[PDB]
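Chemist: Shown below is the structure under consideration.
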Amino acid sequence: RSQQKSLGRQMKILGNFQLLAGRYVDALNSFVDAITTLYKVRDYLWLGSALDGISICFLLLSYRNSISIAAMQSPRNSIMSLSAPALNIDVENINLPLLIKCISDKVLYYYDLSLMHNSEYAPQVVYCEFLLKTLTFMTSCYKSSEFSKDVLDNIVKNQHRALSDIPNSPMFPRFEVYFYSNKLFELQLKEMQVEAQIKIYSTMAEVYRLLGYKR
Amino acid sequence: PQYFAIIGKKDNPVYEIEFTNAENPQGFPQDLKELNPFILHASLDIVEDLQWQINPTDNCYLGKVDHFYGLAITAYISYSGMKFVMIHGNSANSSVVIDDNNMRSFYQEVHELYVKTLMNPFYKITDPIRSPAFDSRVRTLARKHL
Amino acid sequence: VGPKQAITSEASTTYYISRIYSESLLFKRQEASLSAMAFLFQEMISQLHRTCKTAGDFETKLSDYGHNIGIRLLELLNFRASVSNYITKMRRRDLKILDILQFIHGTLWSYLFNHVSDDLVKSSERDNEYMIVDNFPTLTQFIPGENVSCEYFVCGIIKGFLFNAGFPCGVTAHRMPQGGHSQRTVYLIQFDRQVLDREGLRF
């Protein structure tokens with residue numbers, strides 16, 4: 001299990017590092033200091049996609065339960081960012097769809113569909129984080145919460161699919177299961193930190209005011 | 001620990017009442033104020049965007065509809081304008097029990113008590129009911145179906 | 001359960017059957033003469049020409065009676081037609097406009113005047129306007145209807161059949177002798193744009 005832990009920590013750090021260090025703002029593309037990245041105008045997370053693909057493969061082969069949903073977070077962030085915004089119709093997510101076949105939530109071929117599917121997959125994997133009983137991000141090691149990361153997980157979910165139901169029904173509509181699938185705060189939420197509560201209630205209120213559900 | 005409401009068209013409660021089982025002998029102490037209009041105000045929101053469509057052949061009765069993080073709510077929509085809401089549940093357990101047909105024989109059964117009071121031509125719309133008899137009737141009509 | 005007071009009450013562990021006044025509500029039949037109700041309507045219109053200034057305010061001060069009892073006739077006419085009270089079910093509500101103006105056409109006139117108004121014509125040029133014609137209006141047949149201000153009992157009574165139904169609606173009457181049936185009155189009703197646009201979301 002030591003090989004699984006070593007590969008887990010190295011793959012998570014390498015996935016986040018090559019994610020944030022490829023195409024951070026690439027509309028001027030200062031090509032000097034090309035050590036850590038390609039950093040040209042055509043450098044949009046392609047090595048980050050290959051590294052995240054190998055990272056998700058080695059994470060599924062590691063077999064974690066707590067840190068393993070961060071691999072799905074990395075692949076979902078890859079297929080969101082480098083296969084939506086600065087995509088230029090590349091969308092190289094073949095091993096990402098292979099990991100969707102292997103772990104969870106295959107069989108989708110659209111924008112705002114496979115992202116929702118892999119978000120459900122990562123939510124199910126974080127539900128499968130039953131009891132890690134340790135410290136992984138070591139900002140807090142005795143008074144911390146798996147609540148404090150799971151609220152950030154589903155608010156990433158809520159901000160990244162609640163806008164797709166355009167207030168004006170005709171444009172891009174789906175069924176109003178956003179409130180139905182929004183009632184998921186069964187957890188206690190009694191003041192781990194006040195600004196987490198403020199941003200969670202600001203977004204939870206703002207989506208109801210967006211969808212016209214005032215009360 | 002049961003809480004009845006009849007809430008009107010311009011958000012006014014034309015009849016709202018609580019009662020308690022004596023096996024609880026009180027009702028929702030310190031929770032009786034968040035389980036009031038705000039939860040019911042959002043219940044008006046969900047029956048507002050649930051009535052006007054055909055599809056989420058019994059258009060009036062709707063059964064259990066939503067759930068805050070302590071209990072769950074039920075509903076009924078009449079074509080008089082009014083939207084009947086009963087709020088039930090012992091506060092210790094998460095009360096699951098929706099009988100769904102015998103308390104369907106409450107909403108169509110309390111409906112006529114609203115009908116005969118609406119047929120009082122001195123009684124207007126958008127004003128509450130201080131009947132001393134129709135509120136004593138409904139708890140005994142809830143003595144049929146607890 | 002007063003507005004001033006809270007929703008407070010007592011426990012369920014007794015049985016207070018001290019009740020006074022609740023009865024049946026069924027379709028009774030007693031069928032008074034048209035002369036009696038015609039005299040009732042007659043002295044009502046006499047009071048309204050006494051107390052009111054001009055045309056349009058008198059038209060509103062006639063249609064308010066229809067708005068008083070239109071809600072009342074709506075809910076138990078529906079509770080008798082689409083449904084003591086050993087109740088099977090209550091059937092479907094208003095789906096759209098064209099079932100609820102069929103519901104005036106089906107069982108409002110035959111609740112009131114023992115027949116059916118002869119047409120429920122969807123208009124040619126527009127869709128917010130609709131038009132129902134009664135052929136020989138029953139409760140105003142004696143009044144010489146050259147002023148058409150005397151049939152706004154029934155424009156008031158159908159507006160309060162649709163204001164509960166969620167369709168706010170300008171409802172007018174005109175009278176036009178299109179047939180050998182004389183003095184037939186058209187109730188050209190309108191709507192507002194918004195529940196027409198709530199119909200106009202999907203139709």
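Lettering and numbering for the structure tokens are positional, with chains as A, B, ... in the shown order, residues counted from 1 in each chain, and ligands counted from 1 in the shown order.
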Extract the full set of alpha helix (DSSP H) residues from range 33-136 of chain B according to DSSP on the backbone, and format it as a ChimeraX atom specification.
Modeler: /B:37-51,104-107,111-118,134-136
Chemist: Taking N, CA, C and O atoms for each residue, export the selection above as a CSV table (one decimal), in the first residue's frame.
Modeler:
```csv
chain,number,residue,atom,x,y,z
B,37,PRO,N,-44.0,29.9,8.7
B,37,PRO,CA,-44.1,30.4,7.3
B,37,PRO,C,-43.0,30.3,6.3
B,37,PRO,O,-43.2,30.0,5.2
B,38,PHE,N,-41.7,30.4,6.8
B,38,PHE,CA,-40.6,30.4,5.9
B,38,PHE,C,-40.5,29.1,5.1
B,38,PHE,O,-40.4,29.1,3.9
B,39,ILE,N,-40.7,27.9,5.9
B,39,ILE,CA,-40.7,26.6,5.2
B,39,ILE,C,-42.0,26.5,4.3
B,39,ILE,O,-41.9,26.0,3.2
B,40,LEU,N,-43.1,27.1,4.8
B,40,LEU,CA,-44.4,27.1,4.2
B,40,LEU,C,-44.4,28.1,3.1
B,40,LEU,O,-45.1,28.0,2.1
B,41,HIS,N,-43.5,29.1,3.2
B,41,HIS,CA,-43.4,30.1,2.2
B,41,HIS,C,-42.7,29.5,1.0
B,41,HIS,O,-43.2,29.7,-0.2
B,42,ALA,N,-41.7,28.7,1.2
B,42,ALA,CA,-41.1,28.0,0.2
B,42,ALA,C,-42.0,26.8,-0.3
B,42,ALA,O,-41.8,26.4,-1.5
B,43,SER,N,-42.9,26.4,0.5
B,43,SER,CA,-43.8,25.4,0.0
B,43,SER,C,-44.8,26.0,-0.9
B,43,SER,O,-45.3,25.4,-1.9
B,44,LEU,N,-45.2,27.3,-0.7
B,44,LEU,CA,-46.0,28.1,-1.6
B,44,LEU,C,-45.2,28.2,-2.9
B,44,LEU,O,-45.8,28.2,-4.0
B,45,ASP,N,-43.9,28.4,-2.9
B,45,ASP,CA,-43.1,28.5,-4.1
B,45,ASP,C,-43.1,27.2,-4.9
B,45,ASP,O,-43.3,27.2,-6.1
B,46,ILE,N,-43.0,26.0,-4.2
B,46,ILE,CA,-43.0,24.8,-5.0
B,46,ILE,C,-44.4,24.4,-5.5
B,46,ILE,O,-44.5,23.8,-6.5
B,47,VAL,N,-45.4,24.7,-4.7
B,47,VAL,CA,-46.7,24.5,-5.3
B,47,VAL,C,-47.1,25.5,-6.3
B,47,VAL,O,-48.1,25.4,-7.1
B,48,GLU,N,-46.4,26.7,-6.3
B,48,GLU,CA,-46.6,27.7,-7.3
B,48,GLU,C,-46.1,27.2,-8.7
B,48,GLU,O,-46.7,27.4,-9.7
B,49,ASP,N,-44.9,26.6,-8.7
B,49,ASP,CA,-44.4,26.1,-9.9
B,49,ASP,C,-44.6,24.6,-10.0
B,49,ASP,O,-43.8,23.9,-10.7
B,50,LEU,N,-45.5,24.0,-9.2
B,50,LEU,CA,-45.9,22.6,-9.5
B,50,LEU,C,-47.4,22.5,-9.9
B,50,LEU,O,-47.7,21.4,-10.5
B,51,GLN,N,-48.2,23.5,-9.6
B,51,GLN,CA,-49.6,23.3,-10.0
B,51,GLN,C,-49.9,23.6,-11.5
B,51,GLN,O,-50.5,22.8,-12.1
B,104,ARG,N,-55.7,11.7,2.3
B,104,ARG,CA,-56.4,12.2,1.2
B,104,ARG,C,-57.9,12.3,1.5
B,104,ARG,O,-58.6,13.1,1.0
B,105,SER,N,-58.4,11.4,2.4
B,105,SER,CA,-59.7,11.6,3.0
B,105,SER,C,-59.8,12.6,4.2
B,105,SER,O,-60.7,12.5,5.0
B,106,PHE,N,-58.8,13.5,4.3
B,106,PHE,CA,-58.9,14.7,5.1
B,106,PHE,C,-59.0,15.9,4.2
B,106,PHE,O,-59.8,16.8,4.6
B,107,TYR,N,-58.3,16.0,3.1
B,107,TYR,CA,-58.2,17.3,2.4
B,107,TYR,C,-59.5,17.5,1.6
B,107,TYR,O,-60.0,18.6,1.5
B,111,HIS,N,-62.4,20.3,3.0
B,111,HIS,CA,-62.7,21.2,1.9
B,111,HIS,C,-64.1,21.7,2.0
B,111,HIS,O,-64.3,22.9,1.8
B,112,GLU,N,-65.1,20.9,2.4
B,112,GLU,CA,-66.5,21.4,2.5
B,112,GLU,C,-66.7,22.3,3.7
B,112,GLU,O,-67.6,23.1,3.7
B,113,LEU,N,-65.8,22.1,4.8
B,113,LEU,CA,-65.9,23.1,5.9
B,113,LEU,C,-65.4,24.4,5.4
B,113,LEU,O,-65.9,25.5,5.9
B,114,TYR,N,-64.5,24.5,4.5
B,114,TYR,CA,-64.1,25.7,3.8
B,114,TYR,C,-65.2,26.2,2.9
B,114,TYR,O,-65.4,27.4,2.8
B,115,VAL,N,-65.9,25.3,2.2
B,115,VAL,CA,-66.9,25.6,1.3
B,115,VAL,C,-68.1,26.3,1.9
B,115,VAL,O,-68.5,27.4,1.5
B,116,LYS,N,-68.6,25.8,3.0
B,116,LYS,CA,-69.8,26.3,3.7
B,116,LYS,C,-69.5,27.6,4.4
B,116,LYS,O,-70.3,28.5,4.4
B,117,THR,N,-68.2,27.8,4.8
B,117,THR,CA,-67.8,29.1,5.3
B,117,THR,C,-67.6,30.1,4.2
B,117,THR,O,-67.8,31.3,4.4
B,118,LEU,N,-67.1,29.6,3.0
B,118,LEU,CA,-67.0,30.5,1.9
B,118,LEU,C,-68.4,31.0,1.4
B,118,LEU,O,-68.6,32.1,1.0
B,134,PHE,N,-65.9,26.0,13.4
B,134,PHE,CA,-65.2,25.2,12.4
B,134,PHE,C,-63.8,24.9,12.8
B,134,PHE,O,-63.2,23.9,12.2
B,135,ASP,N,-63.2,25.6,13.7
B,135,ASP,CA,-61.8,25.2,14.2
B,135,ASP,C,-61.9,24.1,15.3
B,135,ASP,O,-61.0,23.4,15.5
B,136,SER,N,-63.0,24.1,16.0
B,136,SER,CA,-63.3,23.0,16.9
B,136,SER,C,-63.7,21.7,16.2
B,136,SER,O,-63.6,20.6,16.7
```
Chemist: Just want the 8 Å neighbourhood of range 154-166 of chain A, counted on only C-alpha atoms, with same-chain residues fewer than 5 positions away dropped. Output as a list in words.
Modeler: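 After dropping sequence-adjacent residues, the list is residues 112, 116, 119, 123, 171, 172, 173, 174, 178, 182, 200, 203 and 207 of chain A.
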Chemist: Go ahead and save the residues from that selection, with C-alpha atoms, as a PDB file, in the first residue's frame.
Modeler:
```pdb
ATOM      1  CA  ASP A 112     -22.705  19.534 -19.819  1.00  0.00           C
ATOM      2  CA  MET A 116     -22.329  16.079 -14.820  1.00  0.00           C
ATOM      3  CA  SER A 119     -19.308  15.010 -11.092  1.00  0.00           C
ATOM      4  CA  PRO A 123     -19.446  12.593  -5.554  1.00  0.00           C
ATOM      5  CA  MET A 171     -32.650  28.608 -24.269  1.00  0.00           C
ATOM      6  CA  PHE A 172     -30.745  25.388 -23.271  1.00  0.00           C
ATOM      7  CA  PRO A 173     -33.479  23.907 -20.898  1.00  0.00           C
ATOM      8  CA  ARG A 174     -33.460  20.846 -18.655  1.00  0.00           C
ATOM      9  CA  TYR A 178     -31.797  21.556  -9.488  1.00  0.00           C
ATOM     10  CA  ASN A 182     -29.902  20.829  -4.356  1.00  0.00           C
ATOM     11  CA  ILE A 200     -22.263  28.627   0.661  1.00  0.00           C
ATOM     12  CA  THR A 203     -24.474  30.806  -3.755  1.00  0.00           C
ATOM     13  CA  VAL A 207     -29.233  30.235  -7.587  1.00  0.00           C
TER      14      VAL A 207
END
```
Chemist: Write out as an MDAnalysis selection string all residues of range 1-202 of chain C that backbone DSSP assigns to strand (DSSP E or B).
Modeler: chainID C and resid 119 122 130:134 171 174:175 185:189
Chemist: Write the residues you've just listed into a file as a CSV table (one decimal), in the first residue's frame, and include C-alpha atoms for each of them.
Modeler:
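Resulting contents of selection-v2.csv:
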```csv
chain,number,residue,atom,x,y,z
C,119,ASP,CA,-71.2,28.9,-29.7
C,122,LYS,CA,-62.2,31.3,-31.1
C,130,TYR,CA,-62.5,35.2,-27.3
C,131,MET,CA,-66.3,35.4,-27.8
C,132,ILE,CA,-69.3,33.6,-26.5
C,133,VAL,CA,-72.8,34.5,-27.8
C,134,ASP,CA,-75.9,33.7,-25.9
C,171,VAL,CA,-64.7,41.0,-20.4
C,174,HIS,CA,-72.0,43.7,-27.3
C,175,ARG,CA,-75.2,42.8,-29.0
C,185,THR,CA,-75.7,39.2,-27.1
C,186,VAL,CA,-72.0,38.5,-27.8
C,187,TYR,CA,-69.7,38.4,-24.8
C,188,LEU,CA,-66.4,39.3,-26.5
C,189,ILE,CA,-63.9,38.6,-23.7
```
Chemist: Contacts from chain C to chain A, 12 Å maximum, only C-alpha atoms: show me the residue list as JSON, numbers by chain.
Modeler: {"C": [198, 200, 201, 202]}
Chemist: With N, CA and C atoms kept, could you save the residues just selected as a compact mmCIF listing (two decimals), in the first residue's frame?
Modeler:
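Just written: out.txt:
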```txt
# COMPACT_ATOMS: atom_id res chain seq x y z
N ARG C 198 -48.16 32.77 -20.65
CA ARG C 198 -47.98 31.50 -19.97
C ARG C 198 -48.56 30.37 -20.81
N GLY C 200 -48.45 31.01 -24.03
CA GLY C 200 -47.49 31.20 -25.09
C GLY C 200 -46.09 30.68 -24.84
N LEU C 201 -45.84 30.08 -23.67
CA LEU C 201 -44.59 29.37 -23.45
C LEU C 201 -44.51 28.11 -24.31
N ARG C 202 -45.58 27.31 -24.30
CA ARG C 202 -45.58 26.00 -24.94
C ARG C 202 -46.82 25.69 -25.76
```
Chemist: My list of candidates is C:159, C:193, C:181, C:91. Which is closest to chain B when distances are computed with only C-alpha atoms?
Modeler: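 Going through C:159, C:193, C:181, C:91 one by one, the smallest distance to chain B is for C:91.
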Chemist: Please identify every residue of chain A that has at least one atom no more than 7 Å from any atom of chain B, counting only C-alpha atoms, and report them as a VMD selection string.
Modeler: chain A and resid 186 213 215
Chemist: Keeping only N, CA and C atoms, write those residues as a CSV table (one decimal), in the first residue's frame.
Modeler:
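Just written: again.csv:
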```csv
chain,number,residue,atom,x,y,z
A,186,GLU,N,-27.8,17.7,4.2
A,186,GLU,CA,-28.2,17.0,5.4
A,186,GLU,C,-27.2,17.1,6.6
A,213,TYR,N,-37.2,31.5,-7.9
A,213,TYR,CA,-37.8,30.8,-6.8
A,213,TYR,C,-37.5,31.6,-5.6
A,215,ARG,N,-38.9,32.3,-2.6
A,215,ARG,CA,-39.2,32.1,-1.2
A,215,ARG,C,-38.3,31.2,-0.5
```
Chemist: Do me a favour and pick out the residues of chain C within 10 Å of chain B, using only C-alpha atoms, as a ChimeraX atom specification.
Modeler: /C:1-3,6-25,68-69,71-76,78-79,84-87,89-96,163-166,198
Chemist: Can you tell me which residues surround range 50-62 of chain A at a distance of at most 8 Å, considering only C-alpha atoms, apart from same-chain residues fewer than 3 positions away, and format the answer as an NGL selection string?
Modeler: :A and (1 or 3-5 or 7-8 or 11-12 or 14-15 or 18 or 46-47 or 68 or 71-72 or 74-75 or 78 or 95-96 or 99 or 103)
Chemist: Let's have the selection written as a PDB file, in the first residue's frame, with N, CA, C and O atoms.
Modeler:
```pdb
ATOM      1  N   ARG A   1       0.826  -1.200   0.000  1.00  0.00           N
ATOM      2  CA  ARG A   1       0.000   0.000   0.000  1.00  0.00           C
ATOM      3  C   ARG A   1       0.866   1.257   0.000  1.00  0.00           C
ATOM      4  O   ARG A   1       0.376   2.361  -0.264  1.00  0.00           O
ATOM      5  N   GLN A   3       3.342   1.833  -2.080  1.00  0.00           N
ATOM      6  CA  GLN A   3       3.457   2.252  -3.472  1.00  0.00           C
ATOM      7  C   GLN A   3       2.224   3.019  -3.910  1.00  0.00           C
ATOM      8  O   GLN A   3       2.333   4.002  -4.657  1.00  0.00           O
ATOM      9  N   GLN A   4       1.052   2.603  -3.420  1.00  0.00           N
ATOM     10  CA  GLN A   4      -0.191   3.313  -3.696  1.00  0.00           C
ATOM     11  C   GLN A   4      -0.193   4.696  -3.065  1.00  0.00           C
ATOM     12  O   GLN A   4      -0.631   5.662  -3.694  1.00  0.00           O
ATOM     13  N   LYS A   5       0.351   4.813  -1.854  1.00  0.00           N
ATOM     14  CA  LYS A   5       0.408   6.107  -1.179  1.00  0.00           C
ATOM     15  C   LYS A   5       1.408   7.050  -1.845  1.00  0.00           C
ATOM     16  O   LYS A   5       1.124   8.250  -2.000  1.00  0.00           O
ATOM     17  N   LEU A   7       2.498   6.906  -5.047  1.00  0.00           N
ATOM     18  CA  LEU A   7       1.908   7.279  -6.323  1.00  0.00           C
ATOM     19  C   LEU A   7       0.734   8.238  -6.155  1.00  0.00           C
ATOM     20  O   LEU A   7       0.560   9.127  -6.991  1.00  0.00           O
ATOM     21  N   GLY A   8      -0.019   8.119  -5.053  1.00  0.00           N
ATOM     22  CA  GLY A   8      -1.162   8.993  -4.807  1.00  0.00           C
ATOM     23  C   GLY A   8      -0.728  10.421  -4.531  1.00  0.00           C
ATOM     24  O   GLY A   8      -1.249  11.362  -5.146  1.00  0.00           O
ATOM     25  N   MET A  11       1.083  11.846  -7.684  1.00  0.00           N
ATOM     26  CA  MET A  11       0.175  12.071  -8.799  1.00  0.00           C
ATOM     27  C   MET A  11      -0.771  13.227  -8.523  1.00  0.00           C
ATOM     28  O   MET A  11      -1.080  13.997  -9.435  1.00  0.00           O
ATOM     29  N   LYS A  12      -1.214  13.382  -7.268  1.00  0.00           N
ATOM     30  CA  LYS A  12      -2.085  14.499  -6.921  1.00  0.00           C
ATOM     31  C   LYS A  12      -1.343  15.829  -6.992  1.00  0.00           C
ATOM     32  O   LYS A  12      -1.869  16.809  -7.552  1.00  0.00           O
ATOM     33  N   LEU A  14       1.436  16.410  -8.783  1.00  0.00           N
ATOM     34  CA  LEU A  14       1.800  16.647 -10.175  1.00  0.00           C
ATOM     35  C   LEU A  14       0.598  17.049 -11.017  1.00  0.00           C
ATOM     36  O   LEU A  14       0.740  17.883 -11.920  1.00  0.00           O
ATOM     37  N   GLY A  15      -0.585  16.499 -10.711  1.00  0.00           N
ATOM     38  CA  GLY A  15      -1.802  16.849 -11.430  1.00  0.00           C
ATOM     39  C   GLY A  15      -2.197  18.293 -11.175  1.00  0.00           C
ATOM     40  O   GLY A  15      -2.445  19.047 -12.124  1.00  0.00           O
ATOM     41  N   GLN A  18       0.864  20.717 -12.700  1.00  0.00           N
ATOM     42  CA  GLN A  18       0.830  20.887 -14.146  1.00  0.00           C
ATOM     43  C   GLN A  18      -0.519  21.388 -14.639  1.00  0.00           C
ATOM     44  O   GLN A  18      -0.593  21.891 -15.762  1.00  0.00           O
ATOM     45  N   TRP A  46      -1.971  20.372 -22.506  1.00  0.00           N
ATOM     46  CA  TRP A  46      -1.916  19.090 -23.211  1.00  0.00           C
ATOM     47  C   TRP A  46      -1.066  18.065 -22.462  1.00  0.00           C
ATOM     48  O   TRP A  46      -1.473  16.906 -22.292  1.00  0.00           O
ATOM     49  N   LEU A  47       0.097  18.496 -21.973  1.00  0.00           N
ATOM     50  CA  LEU A  47       0.892  17.648 -21.095  1.00  0.00           C
ATOM     51  C   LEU A  47       0.218  17.463 -19.744  1.00  0.00           C
ATOM     52  O   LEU A  47       0.402  16.423 -19.106  1.00  0.00           O
ATOM     53  N   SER A  68      -8.842   9.630  -3.944  1.00  0.00           N
ATOM     54  CA  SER A  68      -9.008   9.131  -5.304  1.00  0.00           C
ATOM     55  C   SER A  68     -10.005   9.937  -6.114  1.00  0.00           C
ATOM     56  O   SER A  68      -9.913   9.952  -7.344  1.00  0.00           O
ATOM     57  N   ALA A  71      -8.532  12.655  -8.441  1.00  0.00           N
ATOM     58  CA  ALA A  71      -8.193  12.275  -9.812  1.00  0.00           C
ATOM     59  C   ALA A  71      -9.348  12.542 -10.768  1.00  0.00           C
ATOM     60  O   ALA A  71      -9.143  13.037 -11.885  1.00  0.00           O
ATOM     61  N   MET A  72     -10.574  12.231 -10.333  1.00  0.00           N
ATOM     62  CA  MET A  72     -11.764  12.554 -11.113  1.00  0.00           C
ATOM     63  C   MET A  72     -12.000  14.056 -11.175  1.00  0.00           C
ATOM     64  O   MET A  72     -12.487  14.564 -12.190  1.00  0.00           O
ATOM     65  N   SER A  74      -9.487  16.195 -11.199  1.00  0.00           N
ATOM     66  CA  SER A  74      -8.464  16.636 -12.143  1.00  0.00           C
ATOM     67  C   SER A  74      -8.879  16.373 -13.585  1.00  0.00           C
ATOM     68  O   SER A  74      -8.705  17.240 -14.451  1.00  0.00           O
ATOM     69  N   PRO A  75      -9.448  15.196 -13.853  1.00  0.00           N
ATOM     70  CA  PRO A  75      -9.897  14.879 -15.205  1.00  0.00           C
ATOM     71  C   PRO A  75     -11.117  15.698 -15.604  1.00  0.00           C
ATOM     72  O   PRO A  75     -11.237  16.097 -16.769  1.00  0.00           O
ATOM     73  N   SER A  78      -9.858  19.068 -16.379  1.00  0.00           N
ATOM     74  CA  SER A  78      -9.186  19.021 -17.674  1.00  0.00           C
ATOM     75  C   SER A  78     -10.183  19.091 -18.821  1.00  0.00           C
ATOM     76  O   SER A  78     -10.068  19.951 -19.703  1.00  0.00           O
ATOM     77  N   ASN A  95      -8.180   8.616 -22.621  1.00  0.00           N
ATOM     78  CA  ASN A  95      -7.928   7.894 -21.379  1.00  0.00           C
ATOM     79  C   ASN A  95      -8.811   8.389 -20.238  1.00  0.00           C
ATOM     80  O   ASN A  95      -9.034   7.641 -19.281  1.00  0.00           O
ATOM     81  N   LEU A  96      -9.340   9.613 -20.337  1.00  0.00           N
ATOM     82  CA  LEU A  96     -10.359  10.073 -19.396  1.00  0.00           C
ATOM     83  C   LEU A  96     -11.662   9.299 -19.565  1.00  0.00           C
ATOM     84  O   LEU A  96     -12.293   8.915 -18.574  1.00  0.00           O
ATOM     85  N   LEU A  99     -11.023   5.908 -18.125  1.00  0.00           N
ATOM     86  CA  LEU A  99     -11.211   5.903 -16.676  1.00  0.00           C
ATOM     87  C   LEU A  99     -12.681   6.038 -16.300  1.00  0.00           C
ATOM     88  O   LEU A  99     -13.095   5.553 -15.242  1.00  0.00           O
ATOM     89  N   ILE A 103     -13.656   3.168 -13.685  1.00  0.00           N
ATOM     90  CA  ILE A 103     -14.135   3.441 -12.330  1.00  0.00           C
ATOM     91  C   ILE A 103     -15.643   3.672 -12.308  1.00  0.00           C
ATOM     92  O   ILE A 103     -16.395   2.852 -11.772  1.00  0.00           O
TER      93      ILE A 103
END
```
Chemist: Expressed in Å to a single decimal, how great is the separation between CA of residue 7 in chain B and CA of residue 84 in chain B?
Modeler: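 Separation between CA of residue 7 in chain B and CA of residue 84 in chain B: 6.6 Å.
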Chemist: What separation in Å, quoted to one decimal, exists between CA of residue 82 in chain A and CA of residue 44 in chain A?
Modeler: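 Straight-line distance from CA of residue 82 in chain A to CA of residue 44 in chain A works out to 6.2 Å.
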Chemist: Of the residues C:83, C:38, C:162, C:62, which is the one nearest to residue 101 in chain C, using only C-alpha atoms?
Modeler: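 Closest to residue 101 in chain C of all the choices is C:162.
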Chemist: Would you compute the distance between CA of residue 124 in chain C and CA of residue 195 in chain C? Give it in Å to one decimal.
Modeler: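 Going from CA of residue 124 in chain C over to CA of residue 195 in chain C, I get 19.5 Å.
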